[PDB]
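Please read the structure below before turning to the comments.
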2 protein chains.
Amino acid sequence: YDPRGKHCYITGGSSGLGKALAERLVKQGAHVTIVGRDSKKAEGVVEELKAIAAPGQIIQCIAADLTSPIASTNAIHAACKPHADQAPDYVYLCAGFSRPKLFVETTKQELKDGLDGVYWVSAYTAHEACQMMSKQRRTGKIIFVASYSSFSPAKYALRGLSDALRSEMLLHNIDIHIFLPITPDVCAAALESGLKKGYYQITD
Amino acid sequence: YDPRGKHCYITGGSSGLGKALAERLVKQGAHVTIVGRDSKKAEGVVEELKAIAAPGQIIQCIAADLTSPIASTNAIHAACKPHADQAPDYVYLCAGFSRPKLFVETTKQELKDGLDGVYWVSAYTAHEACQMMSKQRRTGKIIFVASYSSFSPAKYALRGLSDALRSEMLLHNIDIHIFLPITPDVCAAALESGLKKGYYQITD
């Protein structure tokens, strides 16, 4: 886990923990690609980080709804045209919304929306991510982030997919990790902490 | 947990564990409603069980894809027109398919299909189920069944929803349970076993 000079593709990088992670993955000296839906929100942060980058560091961003398989697929693909079609190395999955409610209060379309909102954002990407490194036959990491509710299912699903992959994808020699979390940049340290120390599961 | 004279609505009741459960929930003396997709498969089992029922026991079945919110919603509603619009008492969630594969091998549409296949079949029902007892303001139980992969997420999701509900729905005074499993009828005993003994989590 040496991030410097490495493509770091970070979903949800335009808000809390995801932005934080970019801040430092830059300070250290990576190529940092943030994804989000809000173009201005992200292209703002882009230039904020562009400031403190040393010249020649690719610091781009991409507007996409990562609840669409196609958007998820086109995004990661987009972010490597600059990087000579080199797959990313380190991929960070921080996209998420939390609009908490009561089961009985909730429409079925509300439930579907919340799973799409928390699971697939991470999963649809993670898929095409592996599919990329696999076929290019390169390595590098995939890092999931998790943590009245009824988003809970979606969080468990992530653990579920982490665990399935953390098995499987050591046939295509790909690291798999997951986070179980304080100013975001704190949690950011916890993560880089446990990552250099190689644990598959990481807390604060 | 006295099943006799109680509406027992059982998704996936036309195959393994779900059929088994009907066998005994009849032998004991319930009103038993099996749901499945295969009309002949189910209307077969229906009459098989109709044999061994004592007269006056409502033993019906319903063909529905429980991956549609509307099908899931119309089914449970259908199965209570005979039962004087009385919500079910005991609801058993055994619908499921397992078509195991490699992540890298899998299409994104394959993954979506597998979650729909294992989670929503149970969840879309469980929702309308509660929504029914809640608004009728009656009690009764909701029982989830769980247990290279990439159906794993969907299993974790169930545990996830079980856990969320097992909290929440003790505001609408509704029992919540879950199964973690041998001839199906074995597992069937394990379940009725731990259910009369009131544990929320049940193994074999």
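Count begins at 1; order follows the chain as displayed.
Method of determination (from the header): X-ray crystallography, 3.2 Å.
Every residue, even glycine, has its Cβ placed from backbone N, Cα and C.
Feature annotation from Swiss-Prot assigns active site, lowers pKa of active site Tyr to B:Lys155. Positions annotated as NADPH binding site by Swiss-Prot, on the basis of a large-scale study or a structure entry: B:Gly12, B:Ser14, B:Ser15, B:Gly16, B:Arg37, B:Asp38, B:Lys41, B:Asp65, B:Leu66. Annotation source Swiss-Prot lists motif 'GXSXG' at B:12-16.
Sequence features annotated in Swiss-Prot and their locations in the structure.
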residue: B:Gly12; record: NADPH binding site; DSSP (3 states): coil
residue: B:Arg37; record: NADPH binding site; DSSP (3 states): coil
residue: B:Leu66; record: NADPH binding site; DSSP (3 states): coil
residue: B:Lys155; record: active site, lowers pKa of active site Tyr; DSSP (3 states): helix
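Here the recorded positions are B:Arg37, B:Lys41, B:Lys155, and the one ringed by the most other CB atoms within 10 angstroms is B:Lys155. Among residues of the same chain six or more beyond the motif 'GXSXG' (B:12-16), those with a C-beta under 8 A of the stretch's C-beta atoms are 22, 32-36, 38, 41-42, 44-45, 61, 92-96, 121, 184. Among the recorded positions B:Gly12, B:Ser15, B:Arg37, B:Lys41, B:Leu66, B:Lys155, the ones whose Cβ sits under 8 Å from a Cβ of chain A are, in sequence order, B:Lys155.
Rounded to a whole number, the distance between the Cα atoms of B:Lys155 (active site, lowers pKa of active site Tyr) and B:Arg37 (NADPH binding site) is 21 Å.
Residue pairs drawn from B:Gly12, B:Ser14, B:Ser15, B:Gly16, B:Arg37, B:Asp38, B:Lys41, B:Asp65, B:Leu66, the listed NADPH binders, are separated by up to 18 Å at the Cα level. One thing to note is that 28 residues go unmodelled from B:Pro181 to B:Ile182, and the Cα atoms at each side are 10 Å apart.
Separation across the 9-residue hole in the deposited chain, B:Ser147 to B:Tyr148, is 15 Å (Cα atoms). In sequence order, B:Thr11, B:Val35, B:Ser72, B:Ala75, B:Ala95, B:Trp120, B:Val121, B:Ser122, B:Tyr124, B:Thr125 make up the list of same-chain residues 6 or more apart from B:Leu66 (NADPH binding site) whose Cβ falls under 8 Å from its Cβ. For the binding-site residues shown (B:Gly12, B:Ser15), fewest C-beta neighbours within 10 angstroms: B:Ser15. When the Cα of B:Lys155 (active site, lowers pKa of active site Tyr) is compared against those of the binding-site residues B:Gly12, B:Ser15, B:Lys41, the shortest separation belongs to B:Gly12.
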